[PDB]
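Following: one structure in structure tokens, then a few remarks.
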Amino acid sequence: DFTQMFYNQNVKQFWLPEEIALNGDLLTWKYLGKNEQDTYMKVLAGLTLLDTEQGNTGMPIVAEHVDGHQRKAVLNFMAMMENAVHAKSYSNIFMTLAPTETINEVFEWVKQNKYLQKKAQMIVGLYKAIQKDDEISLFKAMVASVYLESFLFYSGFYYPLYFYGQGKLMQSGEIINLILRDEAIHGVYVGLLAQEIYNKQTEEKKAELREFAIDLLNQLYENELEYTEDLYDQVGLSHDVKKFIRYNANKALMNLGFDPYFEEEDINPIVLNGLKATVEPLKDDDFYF
Amino acid sequence: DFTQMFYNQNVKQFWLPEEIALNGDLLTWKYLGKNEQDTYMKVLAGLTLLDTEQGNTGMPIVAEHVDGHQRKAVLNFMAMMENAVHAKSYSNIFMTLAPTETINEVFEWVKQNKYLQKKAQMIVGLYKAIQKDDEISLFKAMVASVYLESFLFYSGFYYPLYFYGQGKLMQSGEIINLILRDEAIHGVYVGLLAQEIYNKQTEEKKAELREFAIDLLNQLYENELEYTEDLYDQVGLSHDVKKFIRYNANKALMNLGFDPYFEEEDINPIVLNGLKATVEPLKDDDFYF
Amino acid sequence: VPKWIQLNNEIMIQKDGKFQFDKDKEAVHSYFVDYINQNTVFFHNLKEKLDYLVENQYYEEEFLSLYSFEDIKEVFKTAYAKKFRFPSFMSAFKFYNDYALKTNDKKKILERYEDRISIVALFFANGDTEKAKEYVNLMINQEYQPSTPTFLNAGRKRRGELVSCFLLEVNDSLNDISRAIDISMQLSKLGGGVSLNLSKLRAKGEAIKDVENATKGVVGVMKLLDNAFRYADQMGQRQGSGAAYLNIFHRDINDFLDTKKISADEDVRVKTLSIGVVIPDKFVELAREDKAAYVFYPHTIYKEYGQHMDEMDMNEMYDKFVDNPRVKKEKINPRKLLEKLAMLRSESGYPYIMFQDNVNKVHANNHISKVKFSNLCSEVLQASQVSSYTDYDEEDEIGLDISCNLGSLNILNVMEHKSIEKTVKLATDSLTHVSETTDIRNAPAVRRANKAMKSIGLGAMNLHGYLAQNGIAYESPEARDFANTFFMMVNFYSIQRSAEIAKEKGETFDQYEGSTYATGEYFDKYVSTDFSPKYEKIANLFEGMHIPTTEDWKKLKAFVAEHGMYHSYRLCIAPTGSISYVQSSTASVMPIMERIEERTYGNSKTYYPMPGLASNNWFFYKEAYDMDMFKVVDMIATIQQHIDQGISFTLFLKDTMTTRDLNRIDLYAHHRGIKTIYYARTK
Amino acid sequence: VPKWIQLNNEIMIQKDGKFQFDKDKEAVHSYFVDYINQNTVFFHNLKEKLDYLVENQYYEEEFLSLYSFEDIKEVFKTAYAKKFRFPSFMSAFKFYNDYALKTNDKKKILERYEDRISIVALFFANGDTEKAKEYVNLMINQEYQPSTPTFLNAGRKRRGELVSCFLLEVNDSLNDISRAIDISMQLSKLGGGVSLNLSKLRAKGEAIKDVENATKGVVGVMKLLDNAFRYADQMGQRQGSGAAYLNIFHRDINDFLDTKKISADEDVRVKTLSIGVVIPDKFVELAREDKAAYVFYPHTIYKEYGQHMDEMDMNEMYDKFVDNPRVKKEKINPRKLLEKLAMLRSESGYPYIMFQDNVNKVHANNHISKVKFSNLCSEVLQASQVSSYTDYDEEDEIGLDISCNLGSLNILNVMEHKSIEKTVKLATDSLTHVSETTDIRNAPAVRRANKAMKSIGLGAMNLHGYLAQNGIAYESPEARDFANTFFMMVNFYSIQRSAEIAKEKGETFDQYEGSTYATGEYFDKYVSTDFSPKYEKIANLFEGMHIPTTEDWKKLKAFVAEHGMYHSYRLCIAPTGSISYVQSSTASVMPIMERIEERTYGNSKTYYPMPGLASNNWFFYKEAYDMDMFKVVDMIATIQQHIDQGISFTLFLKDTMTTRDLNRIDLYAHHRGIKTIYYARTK
Ligand SMILES: Nc1ncnc2c1ncn2[C@@H]1O[C@H](COP(=O)(O)OP(=O)(O)OP(=O)(O)O)[C@@H](O)[C@H]1O
Ligand SMILES: Nc1ncnc2c1ncn2[C@@H]1O[C@H](COP(=O)(O)OP(=O)(O)OP(=O)(O)O)[C@@H](O)[C@H]1O
Ligand SMILES: Cc1cn([C@H]2C[C@H](O)[C@@H](COP(=O)(O)OP(=O)(O)OP(=O)(O)O)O2)c(=O)[nH]c1=O
Ligand SMILES: [Mg+2]
Ligand SMILES: [Mg+2]
Ligand SMILES: [Mn+2]
Ligand SMILES: [Mn+2]
Ligand SMILES: [Mn+2]
Ligand SMILES: [Mn+2]
């Protein structure tokens, strides 16, 4: 009911890194404090590292196990955006703002970081556990994918959106907004594929899959809180970032056809400024009573 | 030495079938004989099948086994083109020119056609035989992919080109030329990757790999002859198409770094005839003259 | 979270296996002792309050100037003497969030429920203190509820229009199309829902002055109207809502329907304009016989016959259209079109279905015009004459564009007070006043029709609430017997009040002499058939009230023949969406969707139990989706036999049932005399 | 492939390293020997032809009835005595595919070139056989070409209006917006391009009846207008074309511009609505000094001052607006806005640029109104007064909506015949006749301004063709000298003809007494500066023709003072899209885009070399993209100093140049006195 519509929306959102000139960001970058520059670098590396997993494994593995030519095509398109567009865009932002040696060091740090690694490996673990012709393991991986696309990225997206909403780092913020817009539709699409599997299950199996999804969300959420304090306490933003994580967790759940887990909260206004029934033929004698 | 330039070439060649309006072919299509329309539909259906498998299976699987994020980005982009752009374009052509029943019938015809099933069996079999960290199985699949890109498509491409060259079906022909332009660079790129693996081998191993490549080519060739006769005898063109596929077989071998295998022949001259802005800020001196 | 929110959420926390319904009451107390009383603005006396509301442009001073301040004080004291208490938290919440008057910055509450009721009553009475007290007693007892426009906007300076729905006839011309777009924007600016009949517009591929295949059809006008309603969206507060109605014999009927398909392209898809389909009995007959039908090009028919396709009876002219070579037509499968209608209603709830022959076989004003379309809620069914909007500097021929004022009787409160007659007459007087004080300066046909037809809509709410609180199953024959008797009483007293108003004013509605009211035909079934309850329980329910017999109906028929009727149309049962919350009533005569509804407001969630829901009447409050739609159709037909206009009949479907079940329900509704079908809501 | 198409495609086949241009001539012969004569309907005599065309509703009876048949036959004989031959295949193809009258079945040709010219001449003369013969000699010599509407529709019963450029003022009200939508639909129905000024409309987030954040801004109005123009598309023949103009100090200017971005959403982007931006000198001064600018909310300015923001001089009002606390404004960077304009023009060629002060410092009718916006082609620059369209049954205040009358001189044919004066005067008379015979009954302000202003647009074309065939580079100072002299003579004879018509009819245009023509200011630069050619080559080009001197201009000034001027506006240089083909001329005063243009008609390819292109003048036919845009700006300013209205000035850019180069060209155009910039076509 939905793949051709998503095909259309995906291909009409096509873009390339070269379209946004990045050099003019240096005019606001130079005015940020060391803690602001440090947080930005670390957040950016976090997003880059997670998105690489999605391009190399997450999207291609789902495309491999999903049946249907049109779905495979949409999924291929999404994998292309991760590897050919998003990855080059993150690299471009880095090369503009930091010298080569600084980039290498930030990636070394974020690569060793406990909270980034915990979430990266949790997601990758579920992708590696998909078994041929087993729709339960595929569903679990789709849940992981939706959580990455619609939830885990957002502790990171917060900061570029925060600057973007203030008139700072506008070129890289525009790029991030385009990336985020792609991840949103990726999350919604994979969510619909997961609901299709979920709806084929018994009531007991459904309850079991719901427990899986909530348990996974809880593990990731508790690590996100730690990740958040680790990066954002030094710039005083953690309270507001936490509200943004919960709001996006609720969107991820709704993508999977589940109820929101967290109470509704208002979001930081600066970040906001940045942001078929069965056809049965009439058999006659249905006109007579 | 080459991936970056292929990356740039692939992304700059990006297109969608919807860019080309097809209603202009309606009259030249209406005017073709029933035999001509039948061959044309079947030819494009055979192409659709090849691109379906190249997009779903061939390109993603090669991407999985090739090392390097940039090489993977090129291969992922090529995969997307196969199933999200190329395979879909044929449906755009079908939906314009043909009624639904004729479309349904031709897709049923691909499923039961023995030559098309044999060529898919052979090519996809080699893709699925790739073993992780086994460069020889990978080479064999890359040879198969080059043969699909640079040889097997051409029994199909002949007919749209033959019409384009006579000023007939020129909108459909424009789509086909764009597809052909893509496959030419895809065949070169995969050819270069295959040569990398071949060049690592002992002379004895190389001799075996040439045997594999030539045996495979001959087996595919013999099947393609029967396919060509089956499609083109009713339009009187089988001998001409055979010359064309031999011509392109030599190009496939060359893409693999091998000498031409078939003698040169005169190809139908009709078929040969068938072949944001940069932003600067405003200076204060630009306001005075 | 607020204390009242916690108390309201405590309902679902079961104690001894039972819902804590009484907790809801506690919530209201909290909602008043912690929010409403603190956020209300109190004055030293009523004089200071009225002066502050008048000078600060909250109230119109004209309607208050007709009373001395002593009379206004007496009216307010009468309102407050009842000591009205909201029995549920959601009733008070809905009133104080949607209908209570607030300050300019919306930080404080200026109007209580009694204040709003007093202001509405003073506006209704038009200078009569005793009539104002009668209206106050009628509304504070919650026997009668003025519509959301009237209740919210009466006596307010910053008010919109008191009329809820407007129906426009669009003639087949560019001038008429542009005028229809302008009038739609003007009426959406006034806050009313606008319905447009597009059946006169010629289909796609018709000739505009001898150049053929030139018209865009009704889909282009649909896109224009959709953009107009998007632009005029009540100053960005409520999304602009429009309805387009097309006859099923229009050639564009498929494209029309294709506007609501979920796979429709952006150049065809229309998203803010509801769609309705008008189905004559000829289409149902063709589908029943499986004979291939023909959709027609309206302009060819107009050229050949001089009249529009929807201006004449298809049941007698369809064969002439088909056999006429000068009429252009396309072959369709009527059963396939019915299946497409069912599929569209399953997917999106559209189109509205209007059974034209069911409307016009009992329509009392067929002489003026046949009913060719309905309103945005598919319950207004009145005669309309298309307007001829000519070129600039040329006089326009102004027709009749339907517009009626809504007001609902609370069946539970009306029958508890044993005051069907008094409530009906007072509601008729209030609706007559609302019609009289309505003057729209940018819709000429609407203004002329309001002045001439004098049509009003008197609805009813809390049918299911009354039945469930009295131990009567909504699908039971006893419930249908109660509906028959109650709505016959409502019709009798509405006709009596209309005739009394005509006598006291010496004037009837325009062209009343040709109506079935004047000829006495309308009263036929009322002077030969007795509508007294056939069950002892229903008769006991109606005890203390004089149920009109055939003799009373004969006397009323003679009275109407002598004096006439002031209103062309009197009764129409609107959905009554949000004002049913304030009255603690179930929505309209429809069965309840759910026993307890969970609604999210802000970041909090609230649970509203159905009014009077408890352990003893839990199963009498049967959910609509669990009900047999055939028995709901029977109930709606029983009510409809006493309602001159239509009833907003929403179909409540389960996901398991197919489009064939929806088609069967539609065909049974057509067989039973259902005039219109509103929505196909799937659980 | 037809024989003429092969002969045309043989041009590109090079013989002896040269293009076979002469082969094109042969193609024409084939196109007439094989196709045109075979499919041309022939009659025994002209009487039978005229009777058949009148009876079959091809022609109008009124204009033919003004002459005896002998006079009509004499006019046709005068047309056919020239023995006119199309010099290129594309000229005849364009005429017989676009302008020649065809049967209702579109398979036979009823009108030849001489027949169409004779009919247009008879329509122009309005009963004067000698005047009709003069018009026939003017058009068969191809000295003057009526615009596509006039040339195609003159004398035809099945026709649109003869005017296709319409400028509408939209007042800040829902009634005015709906009326603007209606008028746009009616004028697109007539076949005209409609331009609407949206600067008076209040921005997004403004108050409607003192409720805040209610207005949708000009973008919602643009969506409505885009839907209206999509709906009204000349009975499904051409895509409905409309333009919207917004002042750059309007707050919506970004959102306005955002309607043309590719990344814009479906609810933001308008596809069939062209956009133009009006840039006062204040914005250019703010950008030049890099001071941050302010975009103002129009309704706050209107409330504070009682006048619209675009109705007062922003140069003297900007500081008062900024310092006024009751005027709401938003901070912007004018240089960023200029870069956004350049980027948008690079992407899509939008918006059109109107330099308000460049237009209004030479505007002769500033007393009536200042020129606030331009047309769809950005060359009509006239005073306009907004209309107050009130509610129904209320009298509207009808203002002035611009609608000028197009017609182009063929500079090559005019100058080789040494007939600047006669051609200009006859073209002025024909334009006056067409303006007087235009009566639009659905656009009140357009009709009122046509009756009052009597404004016509007399353009010129084949400037680059004439210069290249005379060995003059378009960017050379000699070309600018020729343009200066030629257009000064055109202005002189246009003013003389306007004054002569005013003297003959005894009437001037409304409010002429306040114009600079009446005060003599307009003639200042003409009574002090001599515009005779400064180069001997240009003087020899003008040999045989009297060049008006300063004494002649003084005499003309005295004549205008004594007798007045009939036309408020006389000269405007339109793009002249397809009529340039029929006249075998280069389009407008623009330089040629390509020396030989390749076109695809049906499934066939065709080749049109520029008129007079050969090996000797191949270098002088320089392509526009290869030219320096500063020198093109200089030439256009040289012409503009003699044109009262604007010139359709398209920028021709290479893909290499950036937005800085585009902004530099725009700023040099502003510095040089360019009134409008039409398009930014990137090669
Ligand atoms: N359910 C309710 N509906 C409407 N108003 C209410 C409701 N509950 C409380 N109020 C308002 O809040 C006030 C709080 O008083 P409450 O109902 O607790 O009793 P009280 O102080 O004994 O007086 P009384 O009941 O006589 O007004 C009420 O007087 C009334 O104005
Ligand atoms: N280049 C052309 N432009 C316009 N009409 C042409 C052209 N060439 C031919 N025709 C048309 O075809 C006719 C035949 O012209 P042709 O060149 O054969 O000789 P002719 O002496 O002009 O002929 P005729 O006896 O028709 O005047 C012309 O009279 C004219 O109607
Ligand atoms: C002008 C126009 C009309 N129409 C359709 C919609 C109207 O319902 C229908 C009638 O237009 P009219 O305004 O009645 O056009 P007309 O009066 O000049 O032509 P006729 O004499 O035949 O009535 O034409 C379009 O679809 N597109 C258009 O652009
Ligand atoms: Mg008409
Ligand atoms: Mg106003
Ligand atoms: Mn990504
Ligand atoms: Mn993604
Ligand atoms: Mn391919
Ligand atoms: Mn390929």
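Residues 16-290, 309-322, in that order, are what chain B shows, numbered as in Swiss-Prot.
Just so you know, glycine gets a Cβ as well, placed from its N, Cα and C.
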Site-mate of B:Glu97, B:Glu198, B:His201 for Fe cation 2 in Swiss-Prot, selected among B:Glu68, B:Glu164, B:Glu237, B:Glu239: B:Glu164
Co-listed Fe cation 1-binding residue [Swiss-Prot; alongside B:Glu97, B:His101] among B:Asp66, B:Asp82: B:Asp66
Among B:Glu164, B:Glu198, which are binding-site residues, the residue with the most C-beta atoms within 10 angstroms of its C-beta: B:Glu164
Cα-Cα distance in Å between B:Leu290 and B:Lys309, where 18 residues go unmodelled: 30
Listed binding-site residues adjacent to ligand 8, that is, members of B:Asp66, B:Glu97, B:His101, B:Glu164, B:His201 whose C-beta is under 6 A away: B:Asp66, B:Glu97, B:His101
For B:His101 (Fe cation 1 binding site), nearby residues of its own chain (Cβ under 8 Å, 6 or more apart in sequence): B:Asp66, B:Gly70, B:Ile194, B:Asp197
Distance, B:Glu97 (Fe cation 1 binding site) to B:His201 (Fe cation 2 binding site) (CA atoms, angstrom): 10
Neighbourhood of ligand 9 - recorded positions from B:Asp66, B:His101, B:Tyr105 with Cβ under 6 Å: none
Additional residues around Fe cation 1, ordered along the sequence, whose Cβ is within 8 Å of the centroid of B:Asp66, B:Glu97, B:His101: B:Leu65, B:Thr67, B:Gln69, B:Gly70, B:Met96, B:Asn98, B:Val100, B:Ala102, B:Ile194
Sparsest-packed of the listed binding-site residues (B:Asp66, B:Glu97) - C-beta count within 10 angstroms: B:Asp66
Using Cα positions only, nearest of the binding-site residues to B:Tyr105 (active site) (B:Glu97, B:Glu164, B:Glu198): B:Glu97
Neighbour count (Cβ, 10 Å) for B:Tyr105 (active site): 25
Other CB atoms within 10 A, centred on B:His201 (Fe cation 2 binding site): 30
Entries of B:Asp66, B:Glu97, B:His101, B:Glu164, B:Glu198, B:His201 (binding-site residues) sitting next to ligand 1, with Cβ under 6 Å as the cut-off: none
Remaining residues near the recorded Fe cation 2 site, that is with C-beta within 8 Å of the centroid of the site residues B:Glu97, B:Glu164, B:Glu198, B:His201: B:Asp66, B:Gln69, B:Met93, B:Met96, B:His101, B:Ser160, B:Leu163, B:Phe168, B:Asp197, B:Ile200, B:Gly202, B:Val205
